[PDB]
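Asks: Got a structure for you, questions after.
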Amino acid sequence: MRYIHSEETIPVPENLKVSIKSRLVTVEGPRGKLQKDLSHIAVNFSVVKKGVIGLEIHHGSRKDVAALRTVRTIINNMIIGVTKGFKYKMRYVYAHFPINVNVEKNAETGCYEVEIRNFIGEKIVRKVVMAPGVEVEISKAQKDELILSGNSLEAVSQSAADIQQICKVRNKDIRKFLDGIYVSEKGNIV
Amino acid sequence: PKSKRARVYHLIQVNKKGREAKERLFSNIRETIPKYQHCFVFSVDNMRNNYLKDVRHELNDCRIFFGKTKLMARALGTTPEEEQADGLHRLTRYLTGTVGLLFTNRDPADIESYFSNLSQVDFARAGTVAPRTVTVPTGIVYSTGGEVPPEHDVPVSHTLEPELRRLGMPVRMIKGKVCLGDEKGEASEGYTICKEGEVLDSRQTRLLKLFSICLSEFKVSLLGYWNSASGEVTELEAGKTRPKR
RNA sequence: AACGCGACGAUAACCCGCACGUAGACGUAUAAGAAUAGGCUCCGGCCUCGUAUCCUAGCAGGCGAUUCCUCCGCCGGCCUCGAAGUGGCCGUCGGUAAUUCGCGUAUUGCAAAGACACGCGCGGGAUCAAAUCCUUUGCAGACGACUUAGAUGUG
RNA sequence: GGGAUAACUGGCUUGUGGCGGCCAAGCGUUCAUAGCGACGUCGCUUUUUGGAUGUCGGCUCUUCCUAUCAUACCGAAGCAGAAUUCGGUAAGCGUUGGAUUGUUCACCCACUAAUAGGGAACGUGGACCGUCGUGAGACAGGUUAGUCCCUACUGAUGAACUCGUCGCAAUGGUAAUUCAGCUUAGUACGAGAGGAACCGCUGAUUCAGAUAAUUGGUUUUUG
RNA sequence: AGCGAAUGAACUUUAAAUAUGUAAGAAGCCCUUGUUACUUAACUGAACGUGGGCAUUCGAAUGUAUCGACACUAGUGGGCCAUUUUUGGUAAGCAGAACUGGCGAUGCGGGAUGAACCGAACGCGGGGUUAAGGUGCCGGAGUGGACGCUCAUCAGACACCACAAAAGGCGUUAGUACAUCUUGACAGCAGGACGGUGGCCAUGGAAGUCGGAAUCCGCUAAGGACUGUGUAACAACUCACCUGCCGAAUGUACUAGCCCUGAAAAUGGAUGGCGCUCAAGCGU
RNA sequence: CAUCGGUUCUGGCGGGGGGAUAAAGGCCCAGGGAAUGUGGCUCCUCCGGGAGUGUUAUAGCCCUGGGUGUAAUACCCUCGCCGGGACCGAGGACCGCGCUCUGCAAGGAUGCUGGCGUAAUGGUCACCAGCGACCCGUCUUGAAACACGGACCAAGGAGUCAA
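For the protein sequence lines, the chains are A and B, in the order given. According to UniProt numbering, the residues represented by the first sequence are 1 to 15, 53 to 227, in order. Take any residue in the second sequence, note its place counting from 1, add 1, and you have its number in UniProt numbering.
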């Protein structure tokens with residue numbers, strides 16, 4: 001239909054500092070640095086109030102207006118992660134063989150490594166490497182639960198998804214063998 | 002065009018009410034306006050109204066309406082030009098939020114004497130401040146979550162462990178009994194589901210529901226009356242501070 | 001790649017005689033990168049636009065002045081350029097309308113065989129440095145082809 | 001005996017029957033009734049006690065397709081384990097016999113990881129006539145019908161670019177397969193009978209490329 | 001067309017289009033008067049003779065590179081394809097007539113190429129202008145202009161059907177018909193989702209939720225003798241429905257474009273190639 | 001090269017006519033109306049910006065009738081004038097039709113200037129380049145496609161003569 005104008009709103013809290058060079062948006066807050074490139078979509082970025090980002094499309098189709106809604110929440114998720122943070126509480130359960138989890142932060146490249154042993158008695162060590170920016174700690178409040186924390190929601194969710202996939206049971210009935218590591222709680226740090 | 006969600010038709014007997022239910026509620030309220038003497042208005046702000054059937058039974062004399070408020074405002078008559086009786090457009094300025102009408106023939110003092118004396122403990126709705134720190138013990142989880150002593154408590158059903166886990170509790174089952182940590186005890190720390198003074202959101206409200214714990218009080222606030230003989234209104238106590246439009 | 005390319009080793013300077021001087025020059029002038037729902041910048045401002053910027057006067061461009069330290073070129077010296085390799089700076093020397101003049105240009109008529117100097121090659125001989133044939137070799141061979149060896153030696 | 005088509009297919013073929021009835025959105029002679037009519041469902045085949053194949057082959061080899069038998073990967077199934085079953089991506093790599101037969105398939109039996117199916121103008125190594133017959137038949141009756149060139153590629157050479165040494169790599173080909181044993185482990189799982197897998201370790205078949213110390217074979221060294 | 005004309009394609013005052021037979025003067029017309037070998041009741045017909053008018057509009061249009069009679073002389077006496085009409089038939093092909101046209105004895109421009117398509121017919125040359133077809137490059141000529149549509153895991157490409165369906169498409173655009181909507185639309189969140197009634201049969205059990213039948217009523221704002229999950233039965237969760245918060249247009253079925261799928265084998269290959277994506281595709 | 005003739009291509013200019021004597025439009029005159037509501041006024045998170053009311057105020061718009069007005073312009077048709085380029089020069093005393101008449105553009109190119117003999121201009125061969133382009137005869141057939149003949153050259157070689 002070639003809509004002439006469509007706009008959207010991203011509010012920004014008081015303790053933030055956002056900067057958009059061309060489409061490279063960077064959000065600086067209390068928790069740290071976040072940055073991402075959005076040159077793949079035609080968005081006009083403006084400031085319309087004291088703490089409001091404006092994002093507009095001119096002479097766009099339905100898919101051009103719908104592209105403004107997905108980039109509204111991605112930038113807002115960057116605002117949330119640099120203010121409040123993201124927390125994923127995964128829990129590993131077992132029937133007979135007790136699954137062992139060890140987390141060590143590697144000196145070079147600064148990435149946590151989560152290594153997994155004794156998954157239904159397999160002798161192979163399962164070393165999964167976290168994304169740069171997410172921290173993994175063994176929870177002491179509850180038994181057999183892992184906590185992944187970070188600012189980038191995409192990084193913490195992919196690191197959690199990588200752990201679930203690597204401990205997947207093969208060639209065995211999934212109604213009988215319930216061993217694995219699963220995401221349980223999914224929210225914020227604060 | 003295309004790329005749209007498919008509406009799930011419901012193969013079920015009860016269908017949409019629509020315009021016929023609008024005029025029927027209009028008809029019953031109009032037909033009860035000249036029958037009774039006093040028109041009471043009450044508010045139930047953020048509480049479950051499942052005990053409103055109980056005030057139907059005890060007040061078998063009265064006639065009490067609680068539906069859509071805009072319909073009840075148009076039924077009484079919002080403007081002074083269009084209304085069923087004098088002072089009825091003062092009540093339409095009262096009807097703002099979750100409110101209902103109450104037509105009665107008895108002494109007005111006896112009604113809010115009852116409604117001041119009504120008190121029944123209710124499950125908390127989402128948004129209220131929690132008055133106690135309730136907490137399931139660290140061991141095996143029972144039906145009431147440690148509210149009653151465990152020596153007189155029944156263990157929780159195994160079918161609820163899907164919903165307990167989905168609502169946030171880190172619970173397991175060993176040997177068919179749902180347990181938080183170890184079956185014997187200790188091991189874990191426990192799950193505190195609400196704090197002192199915390200606003201209760203949706204999930205811990207549902208947790209207090211299935212654990213049969215009530216953290217709120219059901220009381221209905223009377224707002225005011227209009228008399229058929231007198232023709233005017235008096236604000237009881239509630240509408241002095243309650244937002245009204 | 002036997003009509004793809006690179007690095008390296010060693011070569012062919014003499015003397016005698018003789019055959020000829022553009023798959024398209026004519027100012028054949030111009031280096032940021034990057035974005036294109038942005039960018040450049042003297043930090044003043046600027047961007048549709050290369051319709052721009054350098055160079056361009058002089059017998060096909062003479063001779064001598066007045067006058068000028070600007071531009072061009074050659075050698076060095078020191079440094080830089082390697083994707084299929086060049087420019088910078090300094091010094092010498094040669095040239096040089098930024099200003100103003102003087103003496104030539106013609107009757108080739110309105111457009112369409114002289115002398116000197118320098119290269120590219122041919123035909124002889126003499127001086128190099130190699131290769132092939134030759135003899136041996138058998139790590140090789142249908143035949144060619146290939147691996148060796150033969151000038152004084154560890155043959 | 002006369003007449004007529006020179007000849008077949010070339011967006012052909014494959015997995016789901018036919019007949020009658022009921023229902024039926026639409027279109028139509030003027031409208032869902034002049035009527036055409038799918039998907040389903042009903043009646044028949046079809047129900048209440050568990051052999052088929054004519055000419056052909058047979059073997060090797062090349063190459064291709066996938067409509068996949070095995071090997072790799074996943075999705076689903078009361079899939080506990082083990083063994084499977086159905087489906088999907090997949091042609092990288094491999095792909096039998098025996099009994100019986102005119103010959104094949106079906107079935108049965110054995111081996112193996114399995115021993116799938118196809119394509120390559122369906123790959124490369126009589127024809128009358130005459131004679132005698134006529135209820136049918138023939139003929140020691142006849143004559144006649146009826147195909148050594150060029151070039152691609154590969155290997156070894158090769159003129160010219162001065163000879164020789166050390167290189168670069170455009171392009172073309174391309175390679176590895178399958179099974180087993182030890183440990184995991186008599187462990188997960190299981191009432192029992194039974195019974196895995198990942199990591200690690202060691203062999204074997206096929207295939208490819210080399211080599212002659214040793215062990216066989218061979219003797220124009222005629223010792 | 002009408003049947004406010006009659007009557008009822010077989011109705012008609014009138015009358016198509018469209019092909020297709022026959023006439024449109026002087027070599028012609030009419031009648032008068034006579035004969036005959038023909039015929040008739042009879043110049044009633046046929047023939048032979050008689051009379052007239054108009055020859056400077058002699059009886060529509062257009063064209064007219066002459067026509068006719070006689071005699072003589074060569075070569076020929078096959079068909080193939082298409083349009084339209086028409087007869088028969090098939091599951092579909094197909095077979096046979098009639099007219100016309102093309103090719104046969106025909107060169108040229110175009111459709112990349114070509115028996116049957118489109119344009120156009122021919123001495124030797126110079127100049128100009130077109131047709132069919134084209135103007136991104138191969139290739140002469142537009143990376144021409146205006147408004148849209150389309151992204152295809154081998155799109156489509158200019159003058160054409162079958163597979164193919166009442167087919168599948170959470171692709172995209174335009175439109176039609178119904179319905180809801182500030183009396184707060186659809187979507188969401190917060191809640192209610194009751195009572196007779198663990199309704200009647202069956203029965204270890206079966207309370208809405210393994211089955212058979214019935215499927216009623218009070219409160220209502222509404223709530224099914226129940227949409228699913230669940231239990232040995234319970235319980236609990238859920239859906240239908242209803243209320244509060246937000247606030248403006250929705251949502252069902254069809255239709256028409258373009259696009260995907262709508263079946264494919266086997267040497268490596270084809271809109272002619274390159275390649276093309278606000279086209280170098282498609283419609284005007 | 002100048003002045004001409006024939007054909008042709010392509011630029012620019014001056015008029016005339018017609019349509020609703022264009023429709024519009026500018027400036028006036030008169031009546032009417034509205035909001036995508038001007039100023040004002042009220043509410044109004046005050047460099048600023050929204051909501052409502054109300055018909056021209058400190059902006060303007062629409063509709064109708066009239067004047068300037070036989071307005072201009074577009075479009076269609078038409079009478080002419082001037083420039084730029086290409087190809088061509090047939091014929092050979094006069095005659096004809098004319099005209100702007102001491103001769104002209106009127107039944108077909110003259111005038112002026114230059115160049116050309118150790119080469120103006122041609123020929124043949126070889127080769128390169130762009131575009132084009134099946135191997136002839138015979139025979140069959142609607143046609144192609146088959147089929148027969150062709151190693152090459154010279155000489156001979158086939159509708160004749162009588163009644």
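Yeah, the Cβ is synthetic: ideal placement off N, Cα and C, and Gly gets one too.
Any contact of the region 181-196 of chain A with the region 104-122 of chain A, i.e. 3+ C-beta pairs under 8 Å?
Replies: The region 181-196 of chain A, when compared against the region 104-122 of chain A, does touch it at the 8 Å Cβ threshold.
Asks: For the structure I just gave you, are there three or more beta carbon pairs, one from the region 129-141 of chain A and one from the region 204-223 of chain A, closer than 8 Å?
Replies: As far as the Cβ criterion goes, the region 129-141 of chain A touches the region 204-223 of chain A, which means the pair count is three or higher.
Asks: To the nearest whole angstrom, what separates the beta carbons of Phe41 of chain B and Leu103 of chain B, a pair I think is in contact under 8 Å?
Replies: Yes, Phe41 of chain B and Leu103 of chain B are in contact; Cβ-Cβ is about 4 Å, under 8 Å.
Asks: Pull up the DSSP beta-bridge partners for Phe123 of chain A, would you.
Replies: BP columns for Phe123 of chain A point to A:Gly187.
Asks: What did DSSP end up calling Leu209 of chain B once you bin it into helix, strand or coil?
Replies: Three-state DSSP puts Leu209 of chain B in a helix.
Asks: Using a C-beta cutoff of 8 Å, does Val64 of chain A count as contacting chain B?
Replies: No, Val64 of chain A does not count as interfacial toward chain B.
Asks: If you measure beta-carbon to beta-carbon, which residues of the region 104-134 of chain A are closer than 9 Å to chain B?
Replies: Listed in sequence order: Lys126, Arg128 and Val130.
Asks: Can you name, in chain order, every residue of its own chain whose Cβ lies under 7 Å from the Cβ of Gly169 of chain B, other than the five neighbours on each side?
Replies: The residues are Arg204.
Asks: Does the distance from the C-beta atom of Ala131 of chain B to that of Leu216 of chain B stay below 8 Å?
Replies: In contact: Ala131 of chain B and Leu216 of chain B (Cβ atoms closer than 8 Å).
Asks: Would you list, in chain order, the members of the region 177-189 of chain A that have their beta-carbon closer than 7 Å to a beta-carbon of chain B?
Replies: For the region 177-189 of chain A, which is checked against every Cβ of chain B, the residues closer than 7 Å are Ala178, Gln179, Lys180 and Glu182.
Asks: Is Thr120 of chain A closer than 8 Å to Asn208 of chain A when the C-beta atoms are compared?
Replies: No, the pair does not count as a contact, with Cβ atoms beyond the cut-off.
Asks: With distances taken from CA atoms, which of B:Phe212, B:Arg167 and B:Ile141 is nearest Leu181 of chain B?
Replies: The residue with the shortest Cα to Cα distance from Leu181 of chain B is B:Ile141.
Asks: By the 10 Å Cβ neighbour count, where 16 or more other Cβ atoms means buried, how is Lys176 of chain B classified, buried or exposed?
Replies: Looking at its Cβ environment, which holds fewer than 16 other Cβ atoms inside 10 Å, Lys176 of chain B is exposed.
Asks: Is it right to say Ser221 of chain A is buried, meaning 16 or more other beta carbons lie within 10 angstroms of its own, or is it exposed?
Replies: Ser221 of chain A is buried by the Cβ-count criterion.
Asks: Taking Cβ positions only, does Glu141 of chain A come closer than 8 Å to chain B?
Replies: Judged by the 8 Å Cβ criterion, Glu141 of chain A is not in contact with chain B.
Asks: Determine the contact status of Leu223 of chain B and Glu59 of chain B, defining contact as a CB-CB distance below 8 Å.
Replies: Going by C-beta atoms, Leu223 of chain B is not nearer than 8 Å to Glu59 of chain B.
Asks: Under 7 Å Cβ to Cβ from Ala74 of chain B, same chain only, skipping five residues before and after it: list those, please.
Replies: Correct list, in chain order: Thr93 and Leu96.
Asks: Going by C-alpha distance, which of B:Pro35, B:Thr235 and B:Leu53 is nearest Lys220 of chain B?
Replies: Answer by Cα proximity: B:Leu53.
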